[PDB]
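> What follows is work.pdb; its format and atoms are PDB, C-alpha atoms (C1' of nucleotides).
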```pdb
ATOM      1  CA  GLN I  86      28.702  26.754  27.103
ATOM      2  CA  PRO I  87      31.604  24.782  25.475
ATOM      3  CA  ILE I  88      31.046  20.983  25.979
ATOM      4  CA  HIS I  89      33.957  19.773  23.754
ATOM      5  CA  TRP I  90      36.317  22.071  21.891
ATOM      6  CA  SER I  91      39.574  22.278  20.014
ATOM      7  CA  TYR I  92      41.486  25.140  18.413
ATOM      8  CA  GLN I  93      43.356  25.427  15.118
ATOM      9  CA  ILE I  94      45.715  28.355  14.518
ATOM     10  CA  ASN I  95      45.629  28.889  10.726
ATOM     11  CA  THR I  96      47.139  31.879   8.839
ATOM     12  CA  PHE I  97      45.150  33.994   6.344
ATOM     13  CA  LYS I  98      46.234  36.774   3.870
ATOM     14  CA  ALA I  99      45.273  39.257   1.118
ATOM     15  CA  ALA I 100      45.793  38.009  -2.507
ATOM     16  CA  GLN I 101      48.239  39.188  -5.189
ATOM     17  CA  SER I 102      45.761  39.515  -8.102
ATOM     18  CA  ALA I 103      48.221  41.584 -10.217
ATOM     19  CA  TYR I 104      51.089  39.806 -12.001
ATOM     20  CA  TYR I 105      53.558  41.881  -9.866
ATOM     21  CA  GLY I 106      53.475  41.957  -6.017
ATOM     22  CA  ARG I 107      55.388  43.729  -3.223
ATOM     23  CA  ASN I 123      48.527  42.187   4.920
ATOM     24  CA  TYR I 124      48.389  38.790   6.829
ATOM     25  CA  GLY I 125      47.261  37.370  10.222
ATOM     26  CA  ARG I 126      46.814  34.151  12.291
ATOM     27  CA  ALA I 127      43.298  33.051  13.292
ATOM     28  CA  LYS I 128      42.830  30.831  16.395
ATOM     29  CA  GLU I 129      39.620  29.208  15.139
ATOM     30  CA  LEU I 130      37.390  26.797  17.057
ATOM     31  CA  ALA I 131      37.687  23.556  15.079
ATOM     32  CA  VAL I 132      35.298  21.005  13.432
ATOM     33  CA  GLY I 133      35.919  18.618  16.372
ATOM     34  CA  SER I 134      33.721  20.797  18.712
ATOM     35  CA  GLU I 135      30.276  21.043  20.346
ATOM     36  CA  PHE I 136      28.600  23.832  22.400
ATOM     37  CA  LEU I 137      25.347  23.990  24.410
ATOM     38  CA  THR I 138      22.838  26.894  24.613
ATOM     39  CA  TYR I 139      19.244  27.337  25.584
ATOM     40  CA  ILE I 140      16.477  29.432  24.001
ATOM     41  CA  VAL I 141      13.398  30.537  25.943
ATOM     42  CA  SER I 142      10.138  31.641  24.235
ATOM     43  CA  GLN I 143       6.467  32.521  24.890
ATOM     44  CA  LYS I 144       5.488  30.440  21.773
ATOM     45  CA  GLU I 145       6.422  27.398  19.617
ATOM     46  CA  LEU I 146       9.440  28.269  17.459
ATOM     47  CA  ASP I 147      10.619  26.922  14.026
ATOM     48  CA  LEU I 148      14.361  27.012  14.904
ATOM     49  CA  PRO I 149      16.700  26.377  11.885
ATOM     50  CA  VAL I 150      18.735  23.082  11.875
ATOM     51  CA  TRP I 151      21.682  25.032  10.332
ATOM     52  CA  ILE I 152      23.151  28.419  11.359
ATOM     53  CA  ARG I 153      26.296  30.412  10.430
ATOM     54  CA  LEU I 154      28.665  32.231  12.857
ATOM     55  CA  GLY I 155      31.675  34.523  12.882
ATOM     56  CA  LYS I 156      34.337  36.077  10.580
ATOM     57  CA  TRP I 157      33.922  33.286   7.962
ATOM     58  CA  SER I 158      30.138  32.589   8.100
ATOM     59  CA  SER I 159      30.896  29.145   9.399
ATOM     60  CA  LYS I 160      28.355  26.280   9.526
ATOM     61  CA  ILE I 161      26.885  24.913  12.722
ATOM     62  CA  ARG I 162      24.605  21.889  12.952
ATOM     63  CA  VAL I 163      21.878  22.727  15.489
ATOM     64  CA  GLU I 164      20.127  19.694  16.968
ATOM     65  CA  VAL I 165      17.341  20.984  19.232
ATOM     66  CA  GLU I 166      14.921  19.518  21.796
ATOM     67  CA  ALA I 167      12.001  21.198  23.596
ATOM     68  CA  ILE I 168      12.160  20.750  27.414
ATOM     69  CA  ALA I 169       8.745  19.351  28.371
ATOM     70  CA  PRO I 170       6.805  20.434  31.520
TER      71      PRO I 170
ATOM     72  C1'   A V   1      26.333  46.158  11.918
ATOM     73  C1'   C V   2      26.846  37.930  14.350
ATOM     74  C1'   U V   3      33.446  39.534  19.320
ATOM     75  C1'   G V   4      30.159  42.087  12.191
ATOM     76  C1'   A V   5      30.895  43.666   6.514
ATOM     77  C1'   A V   6      35.705  41.960   2.129
ATOM     78  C1'   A V   7      39.972  38.177   3.207
ATOM     79  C1'   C V   8      44.926  32.828  -1.806
ATOM     80  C1'   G V   9      50.595  31.863   3.138
ATOM     81  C1'   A V  10      51.354  33.950  -2.447
ATOM     82  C1'   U V  11      55.316  34.495  -5.973
ATOM     83  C1'   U V  12      60.241  31.741  -8.257
ATOM     84  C1'   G V  13      62.579  27.071  -7.870
ATOM     85  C1'   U V  14      65.171  20.383 -12.682
ATOM     86  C1'   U V  15      66.572  15.435  -6.587
ATOM     87  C1'   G V  16      70.700  17.845  -9.297
ATOM     88  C1'   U V  17      75.671  17.117 -10.905
ATOM     89  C1'   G V  18      79.750  12.208 -12.526
ATOM     90  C1'   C V  19      79.737   7.184 -13.149
ATOM     91  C1'   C V  20      81.325   0.940 -18.738
ATOM     92  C1'   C V  21      77.455  -4.905 -15.271
ATOM     93  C1'   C V  22      82.784  -4.398 -14.936
ATOM     94  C1'   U V  23      87.042  -7.765 -14.690
ATOM     95  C1'   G V  24      89.152 -13.805 -17.451
ATOM     96  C1'   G V  25      87.915 -17.715 -19.373
ATOM     97  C1'   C V  26      89.933 -22.594 -25.767
ATOM     98  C1'   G V  27      82.960 -25.807 -26.936
ATOM     99  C1'   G V  28      86.710 -28.649 -24.739
ATOM    100  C1'   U V  29      88.546 -33.822 -24.476
ATOM    101  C1'   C V  30      88.999 -39.203 -27.565
ATOM    102  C1'   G V  31      87.957 -41.138 -32.296
ATOM    103  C1'   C V  32      90.974 -45.156 -39.004
ATOM    104  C1'   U V  33      85.038 -43.791 -43.696
ATOM    105  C1'   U V  34      86.151 -48.798 -41.401
ATOM    106  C1'   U V  35      85.053 -53.828 -43.208
ATOM    107  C1'   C V  36      84.933 -57.551 -47.861
ATOM    108  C1'   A V  37      85.793 -57.919 -53.044
ATOM    109  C1'   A V  38      89.967 -61.958 -59.073
ATOM    110  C1'   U V  39      88.770 -56.454 -64.621
ATOM    111  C1'   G V  40      86.097 -61.378 -64.484
ATOM    112  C1'   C V  41      84.312 -65.043 -68.118
ATOM    113  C1'   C V  42      85.353 -67.593 -73.625
ATOM    114  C1'   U V  43      88.130 -66.993 -78.225
TER     115        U V  43
END
```
Please lay out the structure from this file as structure tokens.


Amino acid sequence: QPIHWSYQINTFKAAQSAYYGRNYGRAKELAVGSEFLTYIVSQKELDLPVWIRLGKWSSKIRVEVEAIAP
RNA sequence: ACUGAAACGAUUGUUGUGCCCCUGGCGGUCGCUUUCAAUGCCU
């Protein structure tokens, strides 16, 4: 669930590595100014990682996690 | 296959050409090298 979000539209392209050149696209990315909320459910205690990566660009998320007590 | 795998908004580009810190202007005006003096003394 998105709690706070913002979007950046930033272009990306393929490089001209050769000295001579004769495609490209715009990504609507979710931006650094954003936070989302999820829930995990398990039969057992879980060593969840405090960093994950998502999406087309293997993009860093800080996970801060709390166990819901009985 | 994470709505996945790879992912350069890149290449070239002189803030540039012309331009007198210029034009006018008296270091000027006033001013006594002045004042005093035995070529002396004796043959």

> Residue by residue, what does the PyMOL selection byres ((chain I) within 7 of (chain V)) grab here? Present the result as a ChimeraX atom specification.

/I:96-101,154-155

> Go ahead and compute the interatomic distance for CA of residue 157 in chain I and CA of residue 130 in chain I, in Å to one decimal.

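Atom-to-atom, CA of residue 157 in chain I to CA of residue 130 in chain I, that is 11.7 Å.
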
> How many Å separate CA of residue 129 in chain I from CA of residue 160 in chain I?

12.9 Å

> Find the spatial neighbours of residue 161 in chain I, counting all atoms listed in the file, within a cut-off of 7 Å - ignore same-chain residues fewer than 2 positions away - and output them as a count of residues only.

5

> Would you please work out which residue, of I:125, I:164, I:95, I:137, is nearest to residue 150 in chain I when using only C-alpha atoms?

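Smallest distance to residue 150 in chain I is found for I:164.
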
> CA of residue 165 in chain I to CA of residue 91 in chain I: how many Å, to one decimal?

22.3 Å

> Rank I:93, I:158, I:142, I:86 by their smallest atom-to-atom distance to residue 127 in chain I, using all atoms listed in the file, and report the top residue only.

I:93
